[PDB]
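Summary of structural features
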Amino acid sequence: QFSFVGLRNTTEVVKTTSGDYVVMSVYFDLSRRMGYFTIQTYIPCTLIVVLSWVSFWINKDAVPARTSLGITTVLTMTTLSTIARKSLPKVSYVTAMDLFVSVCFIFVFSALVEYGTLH
Amino acid sequence: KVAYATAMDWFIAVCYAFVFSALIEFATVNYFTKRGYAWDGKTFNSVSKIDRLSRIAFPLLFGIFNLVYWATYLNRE
Ligand SMILES: CCCCCCCC/C=C/CCCCCCCC(=O)O[C@@H](COC(=O)CCCCCCCCCCCCCCC)COP(=O)([O-])OCC[N+](C)(C)C
Ligand SMILES: CCCCCCCC(=O)OC[C@H](COP(=O)(O)O[C@@H]1[C@H](O)[C@H](O)[C@@H](OP(=O)(O)O)[C@H](OP(=O)(O)O)[C@H]1O)OC(=O)CCCCCCC
Ligand SMILES: CCCCCCCCCCCC
Ligand SMILES: CCCCCCCCCCCC
Ligand SMILES: CCCCCCCCCCCC
Ligand SMILES: CCCCCCCC
Ligand SMILES: CCCCCCCC
Ligand SMILES: CCCCCCCC
Ligand SMILES: CCCCCCCC
């Protein structure tokens, strides 16, 4: 996942209930790589959003076709968010990956809602 | 996890293009589909040249991809 950027050392005295102790800590700097997550998460998330757009080129008169594409497009977006969210631990704050999928959720939902008002 | 794409990914990726291109192909056919009704055993939509040609290009081109893909990787030292 990461790349070893570099290392850094320190030396400081931590105070505790049992006395003052000299502590030495080594800091390793690790920089994430998103290549896997793009193919794993973003690229499926990007491609599914495009499936919503082709709804527009499809004829409006094809009511089952548009809804079929719309409901299939949004529903699989839900699964992608969960499995993408599954990779993360249980932390109570929205992350950047969460932000991307949610915005992609808006597009697919809006695309379905676009046909709802279109009909 | 690995920061590179394996030979498995390229076949899955190219297969993704073929299946995705199939959707775009129908969308293009849908654009020129003038009439909503179908043939009855008045004018009826003739079978599009896109389909009549995609019936040949897509399998023929996909087959060529398999030859290149499998020959490349199977014979590697
Ligand atoms: C999947 C498992 C199930 C098997 C199913 C069993 C069936 C077996 C399949 C039999 C072939 C299917 C056609 C039978 C019907 C004849 C009519 C027809 O439609 O032919 C059409 C040609 O288009 C094709 O037939 C292309 C068929 C796919 C082969 C693509 C070539 C690459 C080979 C693939 C290998 C990878 C390549 C590797 C590289 C070497 C002509 O269209 P038409 O409307 O008839 O035209 C009107 C009359 N006319 C022709 C006089 C003008
Ligand atoms: C994957 C997408 C690739 C991009 C391809 C995108 C390129 C592209 O969009 O082509 C479609 C276009 C028209 O073909 P297409 O069959 O779809 O449309 C027909 C065309 O409009 C005729 O002119 C119409 O008759 P008319 O005169 O109006 O009366 C006919 O209506 P009808 O008579 O039945 O009532 C229509 O069906 O060109 C080609 O013919 C060969 C394309 C070869 C495509 C092969 C490429 C693989
Ligand atoms: C599966 C995700 C559903 C969409 C989440 C909507 C809540 C807002 C997220 C973005 C807040 C910045
Ligand atoms: C999920 C893996 C996808 C890999 C990248 C696919 C890119 C090609 C798709 C679009 C072709 C028209
Ligand atoms: C008919 C259009 C197919 C689109 C996907 C093709 C991409 C890979 C090229 C094949 C290499 C021989
Ligand atoms: C109230 C939810 C959206 C339903 C579609 C409304 C189109 C005007
Ligand atoms: C995703 C839309 C593909 C194009 C459909 C209309 C034909 C140019
Ligand atoms: C569709 C049949 C393909 C067989 C290729 C030969 C190797 C199994
Ligand atoms: C129909 C083409 C299949 C190719 C199989 C692999 C040959 C080395």
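Residues numbered from 1 in each chain as written, not as in the entry; some residues may be left out. Chains lettered and ligands numbered in written order. Part of a larger assembly, values for the part shown. Heavy atoms only, no water.

cryo-EM is the method the PDB entry lists for this structure, together with a resolution of 2.5 Å.

1. Focus on the environment of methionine 8 of chain B
Residue and element names in this part refer to chain B. This is how the line gets drawn: Only DSSP runs of H or I covering at least 4 residues are called helices, and only runs of E covering at least 2 are called strands; the numbering of each starts at the N terminus. Each residue gets one of three labels from its accessible area relative to the maximum for its type: buried under 20%, exposed over 50%, partly exposed in between, using a 1.4 Å probe on protein chains only.
One can find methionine 8 in helix α1 (residues 7-31). On the basis of relative accessible area, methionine 8 is assigned to the exposed category, the value being 54%. Separated by 16 residues in the primary sequence, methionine 8 and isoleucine 24 have C-alpha atoms spaced 24 Å apart.

2. Details of the site of ligand 7
Worth spelling out the cut-off: One heavy atom within 4 Å of a molecule or strand is enough for the residue carrying it to be called near that molecule or strand. For the area figures, the Shrake-Rupley method with a 1.4 Å probe applies, and any residue is considered shielded solely by the protein chains shown.
Close to ligand 7 lie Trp57 of chain A together with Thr28 and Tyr31 of chain B. Surrounding ligand 7 are residues belonging to chains A and B, so the site spans chains. Within the complex, the protein chains bury 67% of what would otherwise be the 300 Å² of accessible surface of ligand 7.

3. Observations regarding the site of ligand 3
Residues and elements named next belong to chain A. Lining the immediate surroundings of ligand 3 are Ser81, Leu99, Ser102 and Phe105. Look at ligand 3: alone it shows 410 Å² of surface, and the protein chains cover 40% of it. Of all the elements, helix α3 (residues 96-118) adds the most residues to the shell around ligand 3, at 3 residues.

4. Section: helix α2 (residues 63-87) of chain A
We count it as follows: Here the expected span of a helix is defined as 1.5 Å times the quantity of residues minus one.
Under the 1.5 Å per step criterion, the end-to-end length of α2 of chain A is 37 Å for 25 residues, consistent within 8% with the ideal 36 Å. Among the residues making up α2 of chain A, those that are buried are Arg66, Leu69, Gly70, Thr73, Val74, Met77, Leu80, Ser81 and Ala84 of chain A.

5. Comments concerning α1 of chain B
Worth spelling out the cut-off: Residues are treated as being in contact if the distance between any of their heavy atoms lies within 4.5 Å.
In a regular helix each residue adds 1.5 Å, so 25 residues correspond to 36 Å; α1 of chain B covers 36 Å between its end C-alpha atoms and thus fits that length. Every buried residue belonging to α1 of chain B is among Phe11, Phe18, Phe20, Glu25, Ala27, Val29 and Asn30 of chain B, and all of these are buried. Buried positions along α1 of chain B lie against α1 (35-57) of chain A together with α2 (49-74) of chain B.

6. Points about the pattern of salt bridges
A side chain of one charge can pair with a side chain of the opposite charge when the charged atoms of the two come close. Residue and element names in this part refer to chain A. Rules: By definition here, a salt bridge exists when the distance from a side-chain nitrogen of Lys or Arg to a carboxyl oxygen of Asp or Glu is within 4 Å.
The final tally for this structure, using the stated rule, is 3 salt bridges over all chains. With a closest N to O distance of 3.3 Å, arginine 8 and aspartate 29 form a salt bridge. Here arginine 8 is found in strand β1 (residues 2-16), whereas its partner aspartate 29 is found in strand β2 (residues 19-32), with 21 residues between them in sequence. Of the residues examined, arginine 8 reaches a relative accessible area of 42% and is grouped as partly exposed.

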